[PDB]
Every structure is written in C-alpha cells, then in structure tokens.
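The form deposited in one PDB entry is given below as one chain in structure tokens.
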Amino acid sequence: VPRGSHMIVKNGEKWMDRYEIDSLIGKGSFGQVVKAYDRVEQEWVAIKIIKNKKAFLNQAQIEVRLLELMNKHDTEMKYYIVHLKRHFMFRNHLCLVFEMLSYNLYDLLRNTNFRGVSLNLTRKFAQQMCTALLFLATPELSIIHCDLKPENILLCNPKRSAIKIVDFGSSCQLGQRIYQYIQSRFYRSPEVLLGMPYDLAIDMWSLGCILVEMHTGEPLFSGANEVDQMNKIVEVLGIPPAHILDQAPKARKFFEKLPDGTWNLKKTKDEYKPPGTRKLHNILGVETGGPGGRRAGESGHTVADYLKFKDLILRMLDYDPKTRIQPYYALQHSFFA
C-alpha cells in the first residue's frame, strides 16, 4: 500500500491494455490530469486521476453525479460543458476519462503577452459562457460552478473559438452551503466576501470579471487577500448599497456604519483610489481606442461596440444578486445583436 496520496504514472506505460499514457497535462489540489491514447476508441482522452484522500474523493463523487445528471439532457446547450466519457477505479484511485480539449483562456492571454484578445473574440466567449450558465440554471440542475476563472474555460481546438467549462469539484446546487471558502479570490462575488447567502448569480459575477480580463489582458480585481479584494471592487463600483451591508454578517470586516446610518470603508491599520473613481469606461478605454489605446485604427472596436460591452459587464457586476443580469436576459443584450 503506497504512503503518498498520489498515483505513480510513467509516461509511455499502458493501462488495462487500453490507455497509452503520453504526458502530464497539469497537476491540481485534486490530483493530476494526463494525456492518453484510448486504443479501443482510437482517440485522445484527458484522464483526471483523483488523489487517495477522503476530501478529494468526496468532491470527485459530487463532480461525477453532477456531470452524469447534465448528460441526461437533450439540449445542444450541454456541449458547453466538458463531456465525461466514463469513470473507474485503477490502482485504488478514482479516474475520470474526459474528451481531450486544448489550452485554457489563461494560456491564450499569456500568448497575447497579456495585451488581451479582440472584442470580437471576447463576444464569442461571452455568448458561449452565458449559454453554458443558462444550461446550469435549468431548474432540474440548478448547478453553481463556484470556481469560474480563465484556467477553468478551455478551447476545444487551438485554431477555433469554441469553448467548454471544466472542474465541477467545488460545485453545489441552489440552497447548499458545503465549503467554508468558495470561488477563486479575483473572481469572488461580493455576497461571498460578505458571508451572505449565494445562488447561481455568483457565477455571473465571476464571468463579468473574466470577460474584462480577456479583453484587457489583466485581472479586473487582483486582491492579495479578501480585504484587498473588496477594496479593489470598491475602487471601480463604489460603496455597496446599505440594504445589502445592513444584512451582511461580515460587513465590519471591510466597512463601518457611521452615526447617520451610512457606510464607509473601514480605516486601515496604517492607499486606494477613492470609491467609484476607477471607472470601467476608462479601464476598457471606451472613447480612447480600447485598452492602452491599442485597438484604435482596428475594426470591430467602435465607441458603439465598447458602450454595449461596458453596459453588459456593469449589469454582470451589479452588487445586488437579485437584480444582477441572469443568463436568459444577458443573451438578449445588444452586445450579441
């Protein structure tokens, strides 16, 4: 019986006279993902190997249940989610066989030298991700991904715009509270930072953050920690509404209620732009040739195009989860017309 939690995998070895292990795709907290040739089906697969650890096995069994649940639906919309081909036990590890995809949206930004992709390619990723969120919002699914980020959205093919969402390891269904900290820090919604109840709207917050980054090359809100995260959100969006802060268990982690009942920023121990003064209109460069002026004298980057983009994003970054744009309405926005 091995002492470590990790599976020993040798490049070149063959599993169950079927899977020819080529190479490591990537390592994560769950374990690892290997590229392998399935000699029976004659196709590449990405094998997700789970560590022999109780916490990770439990998360992976939730992931298998939610992916199999999604697979029973007929809609074309389900193809924006990575396809789980099968699962088995091997050398006492749970192994998930997925279709082979291509590189993630972070690798795509790094290949631009973090200068961002075009507004036209941003629109394509936006439309697909809004359709995927509409699929998860199907009542019989009601899945919250809870970990959207550029690294969890993958191109299907290196030369094409088609994308799929991966990793439902942190995911839950509407009304569940399972894990103490959810969402990646940069993509973490204000209701989660404030310790308020969360629903599918947290994923639309994450998507708003991701789409600005895909076009600018840089994260919109790059907090070093939760206080810094909230402060960078406030730079762009101002002080959250009183009706939210008055109900937030963790309001006093970031803010203070003054004698007149209005909220300000909590004093530092002893630096940010004043609240709401880092305008998204200037981050995107709506009137000034897009990010860093670099889109002036290219087509597909008009002031009219940028205003439609800015308006959709600001509806995705609504502080109020009950009024934040829902996937069904985001798809009807003039940005997609």
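Only residues modelled in both forms are compared. Between two forms, the rigid core is defined as the largest C-alpha subset superposing within 1.5 Å. Counting begins at 1, following the sequence as shown.
Heads up, the form deposited in another entry isn't pictured, but that's what we're talking about next.
**Q** So which residue among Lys308, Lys35, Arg294, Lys53 shifts its CA at least 2 Å between the shown form and the other one once the core is superposed?
**A** After core superposition, the one over threshold is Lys53.
**Q** Once the core is aligned, does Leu84 move its Cα by at least 2 Å between the shown form and the other one?
**A** After core superposition, the C-alpha of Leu84 moves less than 2 Å between the shown form and the other one.
**Q** Tell me, please, whether between the shown form and the other one the C-alpha of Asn157 is shifted by 2 Å or more, with the rigid core used for superposition.
**A** No, the C-alpha position differs by under 2 Å between the shown form and the other one.
**Q** Does the C-alpha of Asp74 move 2 Å or more between the shown form and the other one once the rigid core is lined up?
**A** True for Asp74: a C-alpha shift of 2 Å or more.
**Q** Against the shown form, C-alpha atoms of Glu151 and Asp74 in that other deposited form: closer or farther, for a change of 3 Å or more?
**A** Residues converge in that other deposited form, at least 3 Å closer.
**Q** Given that the CA-CA distance for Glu76 and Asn120 shifts by 3 Å or more in that other deposited form, does it become closer or farther?
**A** Compared with the shown chain, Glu76-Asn120 is farther in that other deposited form.
**Q** Give me the residue ranges between the shown form and the other one where at least 3 consecutive Cα atoms each move 2 Å or more, fitting on the core only.
**A** 53 to 55, 74 to 79, 176 to 180 are the stretches that move between the shown form and the other one.
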